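The C-alpha cells that follow cover one protein chain in two forms, given apart as structure 1 and structure 2.
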Structure 1
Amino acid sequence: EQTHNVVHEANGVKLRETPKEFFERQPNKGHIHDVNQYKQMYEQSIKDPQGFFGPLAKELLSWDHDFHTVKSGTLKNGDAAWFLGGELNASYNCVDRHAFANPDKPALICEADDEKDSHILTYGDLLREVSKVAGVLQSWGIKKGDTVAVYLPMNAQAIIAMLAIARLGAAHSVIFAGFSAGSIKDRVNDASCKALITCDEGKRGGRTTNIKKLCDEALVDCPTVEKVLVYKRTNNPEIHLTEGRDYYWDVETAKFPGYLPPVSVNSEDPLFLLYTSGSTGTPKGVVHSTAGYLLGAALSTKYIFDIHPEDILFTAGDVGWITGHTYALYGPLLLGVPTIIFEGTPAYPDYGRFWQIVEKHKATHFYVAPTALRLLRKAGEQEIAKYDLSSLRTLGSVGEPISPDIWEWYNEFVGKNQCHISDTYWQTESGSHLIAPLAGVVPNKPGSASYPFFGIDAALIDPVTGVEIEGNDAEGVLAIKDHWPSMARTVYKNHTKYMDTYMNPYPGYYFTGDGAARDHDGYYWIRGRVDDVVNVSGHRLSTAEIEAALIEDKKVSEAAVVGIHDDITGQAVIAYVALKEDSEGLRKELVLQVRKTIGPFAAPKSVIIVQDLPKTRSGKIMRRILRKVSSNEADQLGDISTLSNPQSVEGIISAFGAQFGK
C-alpha cells in the first residue's frame, strides 16, 4: 500500500537520494554497485553465511592460522562462534600490517583539548609505541587471558594502551574517564584486572581533571591490581605515585624496544570487556570475541560509511563507549586509514571546533551523536560558515534517534545538501552496525535507519503473543533471528545473566531491548528501548543503579528513578525520593551523591521529594505510575485501587508539578 496504518513516521515521506556530489568526491569506484547488488549480497549473508563471510574474512583480515568452519552455534543455546580454528592478532591487523606496507602513512590524527598540543602518529610510530607498552606489560607478567583496565581520556595513549593489551592476547577493559571512583572499583574488581593504565591529570574544555586521584581512591579496594602505568599528561609533579605499584609510562617504555612479537589468539578468544548498564543495578561486562568483532568493524566501516584507503574518518566519540571502540579505533585502523582522536569538547575553544578539525585534516567522513547536533544547532550555527567542509561526503549519526528536523539541519548546514547521511542503529552488544543506510547506495528517509546490514536478519515480535510478525506496516519488539560475527559472546563470568537478558526472553531470537516499526518499503524505524533503559546524551544508564546511589544517602528511605523526554539530552532522569524522618539543599546533596557514586553524567535532571512511593499489595514500587506522571499523562493511570497506598498517587502528581521547575 501507499498509506501506512501503523508506521505513522513514514506517511508522506519523500526518499532522499544520495546527492551527486557524493560520487564526484568518491576516490574510487564504490564498494557496492547499486541497491540491487546490496540486496543480493544481503540475501546471501542470511541464506549462506559460510559462502558470504568466509571470503570476506580472508580479504579484510590477516590470519596466523586458517579457520575450518565459518559459523557455529545458535542463539537459543548461547554458543555462537565464528571462524573456528582460526588464529590472528588484533594489533597486527590494526598496526603492523599497515606499518610494513607504508610506515609513514598517518594513523592517529590526535587533536588535543587545546590545539597547540595536537600531533599526528604514523603507523610506524604507532607500532613502536604499542610494542614498547606491550613490552612493559609483558615484563609485568601480563599474558594471554589476563584483563587490563584502562582509565584514560580520548587521546593517543588510550588507543595505544588498548592495542598493546590486545598485542599480548589479553583483553582490555576501558573505563570511561567520566566515571567516579566507585564505578572504577566495581569494573576492576569484577574483571580482576592485574594492571591499570591511566594518567596523572586530564584536559577537558581547557580545565584540568583529576584522573590519577580517582584511581588511587578506587584502588584502595582493588587487590588484584598489581601495577599501574601512569602517563604524564600534565606532568604535574604534585601528583603522587604509590611506591611499588605506580610507574611512569615514559620511564618504563624507555626500557623496551620498538618491536614486540604479537601473540596469536583464537578467533573466539576474548578481545575486550566493555561494561554496560542494563536493567539490573550492577553493570555487566559485555565480552567480545576477536575475529568476529574485528570483521564486523572492518565490514561495516567499509560498506556503510564507504571508506577507501584515501579517506579520513572523524568519529567524534570516546573509547569509553562502544562507538569509540569500533569506529574510532578498530574499524578505521583495520582498513588502514587515518582516524581522528579528539580529546576535547565541541565547545572548546568555541563551537566551531569540530569543523576546524574537519577542515584542518580534510576529513572525508564524520560520525557524531544527535545530542551534539542539537547543541551546535542551538549555540554554534554561526560558526559553520567560517570553515571549508567540502572534503566531507559521509555524515553518520549514532547512539540515539535522530529527529527529522535534526536530520535536515545536519544535511544542510554540515553537508550542504551534498553528503550522504548514515543513521546507524546498533548497540554495545552487537559490536557493529545492525541497521543503516549504506553510503551511496541506500536512499534515505529522515529518521529511519533503513535496511538491516549483512548477516543481520531483523524481525518484529508481537509483545502480546511473542510471535514474529509477518508483513510490513508493523510494530513490535525488535529481535534478530540468527547470531552474527560481531555479536557479543557472554557477560564476563556471568553467562547466565547473558542468557536471561538477550536469548531467553524471545527463544530463538536475539532481544535488542528496543522496539521498532517496519514500513511498506522494509525500512525500519527505531522507537526506543522497551526495557526502561535510559539513554542520556548518548550514555546508557541504569535507573536501578541511580536508585541505589540515591538510597546510599542515609537520609533517603526509598528511591524510584524513571526517564522522560528532554529537548537537549534526548532523555532525562527524574528521581523520586522518600525520606524517613533542607529543600533544594537536600536535592543538591543527592545530585552530588549520584555524581560521586556513578559519575557526573548520570546525575538526575530533577529530584522530586515525596511522602512515599506507590506500592503494590506485595510492598513493591509501581514504577509505571511514576513514568505516566512524569510524562504529564496523569490521566491514563487507570484503576489504582490495586495499590496498597493509592492515596500516595495524588501526592506524587502534585510534587512533580511543584518541584520539576524549581
Structure 2
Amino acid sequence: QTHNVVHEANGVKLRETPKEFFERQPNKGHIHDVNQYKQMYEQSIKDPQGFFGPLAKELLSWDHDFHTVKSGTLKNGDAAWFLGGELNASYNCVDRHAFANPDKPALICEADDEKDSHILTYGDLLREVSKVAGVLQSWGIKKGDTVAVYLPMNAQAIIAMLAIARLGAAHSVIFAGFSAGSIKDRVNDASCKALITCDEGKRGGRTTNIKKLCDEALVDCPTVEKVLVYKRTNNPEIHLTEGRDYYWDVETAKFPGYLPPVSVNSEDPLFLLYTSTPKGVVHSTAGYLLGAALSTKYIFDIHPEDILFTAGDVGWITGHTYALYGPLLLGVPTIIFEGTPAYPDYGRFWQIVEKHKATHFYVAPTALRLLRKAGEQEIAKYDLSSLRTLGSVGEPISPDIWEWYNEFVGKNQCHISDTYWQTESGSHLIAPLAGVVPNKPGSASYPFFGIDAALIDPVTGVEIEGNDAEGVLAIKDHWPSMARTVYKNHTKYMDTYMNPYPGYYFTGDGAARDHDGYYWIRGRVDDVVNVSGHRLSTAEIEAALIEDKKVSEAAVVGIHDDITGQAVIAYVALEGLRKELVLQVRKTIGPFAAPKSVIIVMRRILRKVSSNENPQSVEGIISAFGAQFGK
C-alpha cells in the first residue's frame, strides 16, 4: 500500500468512472472491464500477429491484402507492419463513409468569427478532396512527392492533407504560426514540389500575414513549382506571382467531384511532420492509421453516434491523429476550431460544445490553465451535459488541475483520459481507457495495446523489475504507428531512439510505476550520450571544464561514431592545456567520461562542425576545429 519510490501514488484513491458516463454512452462499451482489457493487452504483446491482424482487417479497408503482420526490430530500425498491403488514407477517412451515409457530418468547422462557421458532410468532403487532388494531379504531383501545407486550423487544411494523401504523396503540414525562416527550413529539407496556403488568416480577430511569409520563404525554396492559395480574407492587395501562384477557388472549379484514390503500400510514407534542427518525423500509412483508429476507438470510447472536439492544430501531431485521421477513420464528425479559446470571449470552447452537442473533448493543460485563470465563470453558462470523455494531452496534468477539469468542466460526471504519447509514437502510448480504467489524478495508468512499456536504469540500461520503481521510460518492441525514420536522415533517427538504450525505444522521458502498475510521467531526462556503453552528460562535462580557472566558456556536444556509437567533442574558449583539461574531466566525473577530443577555439552549429559538415563567431569554430582536431 505504501510507496518508497513513487511518492505521487501514496494516499491516492482510485476514481471509478461516474455512472453518468454509461448513461450517456450510446452503445455497450467496447471493453467490459479491466480484466478484459488485460487479457487483450497481454495478447497484443505476446501475439501481435494474432491480435493486430484481425483488427487491421476490421478497422481499415484494403486494396491489397497484407501477407505479414509484423517485421523488423528496434535494434535494426527496420520496423514494418502489414507488408504487402495496399490502401489509401483518404479512402478510409472519406470515400467509404460518404458512400454509406453521404449526409453525415464530417468537418464541423468553427471559424475565428462564428459568422464564418460551416459544416461539411462526408459527401461534401469527398468532392472537395477530389477537386483539390485533381488540381495537384494536373500539376504533376504523384506518389513519392512531398507537398507543404501552411494553413490555419480550418477545413482547407484538412482538405489539403487528405487530397495530398489521395494521390499517394506525403503532406508536410507547417504550423501557420511559423516564421518565414521556419517555413524555408522545412520546405527545403523535404524538397516540396508544391505548397498549399491562403492569402491571410484570422486569429482572435486579428489578421495574420500567411501568404506574405510564404513569399518571403519561397525566394529560397527552388523545389516549389506551384502554390495553391485560398481566399480566406479575399484581400485584393495580396500579390500572386504569375506562373507560380494559383487560386484555390479558380482551379478547383475546373475539376470533378470524384477522383480515383491512388493505392499506396502499407509502408509508403503518409506524411512528414517536422519537430521543434527540425527533423522530419516520418509515419507509415497502414500502421499509423491503425494506431489512430485503435486509440481513438478504445481510449476515448468513440462510437458512430459520437462527436469529437480536439482543441488542437494540424500543425502538430495532436491535430494529425485526433482532429483528422482518428475520428474520420471511424466515420464520426470532428470539430475543427480555427480561433483562440478567448475570442470573441472566454466561453468559446463551451459555446462550441453546447452548439454541436460534442461528446468528447480533448485539450492541453496549457489551455485549461488559461481558462481557469481568466474565464472560469463562463463554463457554468453553457450546457455541457453531452460530454462524457475529457482528454488531456502534451504535458503533465497536476492533481489540482485534474480536479478542476473534472469538476468545472465534467461536473464530476465524465471520465478523464490523461494521454501520454509523442510525435514519434503516432498515437497514444499510456492512457486510461474511457469507461474501463479507474483513474489516479496525474497518472496516465496502463500502457496501451502493442506498447510493452518498461523502466530502464539510466546508467546501466537494464530493465527495472517490480513496482514502486522509477527510471527511464522505454518500450521493448516497436508498434504499428511508430515513426519509421527521419526524412533522409535515418542515422539521426537511430541515434535518437534506438541506439541510446539498445534493444529499447527511448522516449526521452522518465517515469514511475506504482504497486498497481500505473505509470506516472516524471518529465524529460538529462540528455545522456552513449560512448561505448558509458552514458555521459554533456552538461556535466561542461561544468568540469569551466572549473579550470584558465577556461572562460565551454561547450560539449555529441556526434555519431561508427565505432563507439557516439563521440563527445568539447569546445573551450579561454597542446599541454588540452591534455590538462581531459585529465580534469577524468578526476571530476570519471575515467570513461573524458571527451574524445578537446578543441580550444548554439550547440546546433557545433554538432555539424564536429562531423565535417553574434553571427561573426561561426568563422572561428570552423577554422579552429579544422586545425587542431588531428590526434
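Only residues modelled in both forms are compared. For numbering, take structure 1's sequence and count from 1. In this text, the rigid core denotes the largest set of C-alpha atoms whose superposition between the two forms falls within 1.5 Å.
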task: Could you say if residue 522 and residue 211 end up in a single rigid part, given the chain moves as two rigid parts between structure 1 and structure 2?
output: yes
statement: Two rigid parts, one fixed on its C-alpha atoms; the other rotates between structure 1 and structure 2 by a number of degrees, namely 179
Cα displacement of residue 430 between structure 1 and structure 2, once the rigid core is superposed (Å): 0.0
- line: For residue 529, the CA shift between structure 1 and structure 2 after fitting the core, in Å, is 1.1
Cα shift between structure 1 and structure 2 at residue 545, which is computed once both forms share a superposed rigid core (Å): 20.7
- prompt: Relative to the superposed rigid core, which consecutive-residue segments of length 3 or more display CA displacements of 2 Å or more between structure 1 and structure 2?
  reply: 531-579, 584-610, 622-633, 645-662
